[PDB]
């Protein structure tokens, strides 16, 4: 489908009209040197503030990161807290996972962000993203959306780049 439809724009308007977003589920990070599997919890207020939490089956925190414009705190899988200006930069350097946090804060909401190459589906909802810019590269595939929310929010997504893929499966969402 084409991103021209005046609907795909209203939906983006729908999503962007929300103030808070909250989802959770299973997170899996896979590369050649690592394999991360954990429950994840993503809370977000606005387009600039969010908290990503990764927890072990036991409940132990494998990773906690709270981001705000120009200020991010990252808590170790050990418990050691670090602070920086860029989250995308911090996740990579201290955990090995160069997760595109700065772009994800848009894509997780089912928004393109600055993506210049994507597609839609029947319902005029972001379905595929081919990102190769700002020095980074990621192929984002949007699976089934959570339609128990208004507007529907993604409940399935896979981002891949080379030998590394990040899979997100949402159990549910709570938007306001």
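Numbering follows the first chain given and starts at 1.
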Checklist entry - Looking at the entry, does 138-146 or 53-61 show the higher mean C-alpha B-factor? => result 53-61
Checklist outcome for this item: For 121-129 versus 66-74, entry-based mean Cα B-factors point to 121-129
Checklist entry - Per the entry, which of 160, 19, 13, 23 tops the list for Cα B factor? => result 160
Checklist entry - Is the Cα B-factor recorded for residue 94 in the lowest, middle or highest third of its chain? => result highest
Next on the checklist: Using only modelled residues of the chain, where does the Cα B factor of residue 169 rank: lowest third, middle third or highest third?
Outcome noted: lowest
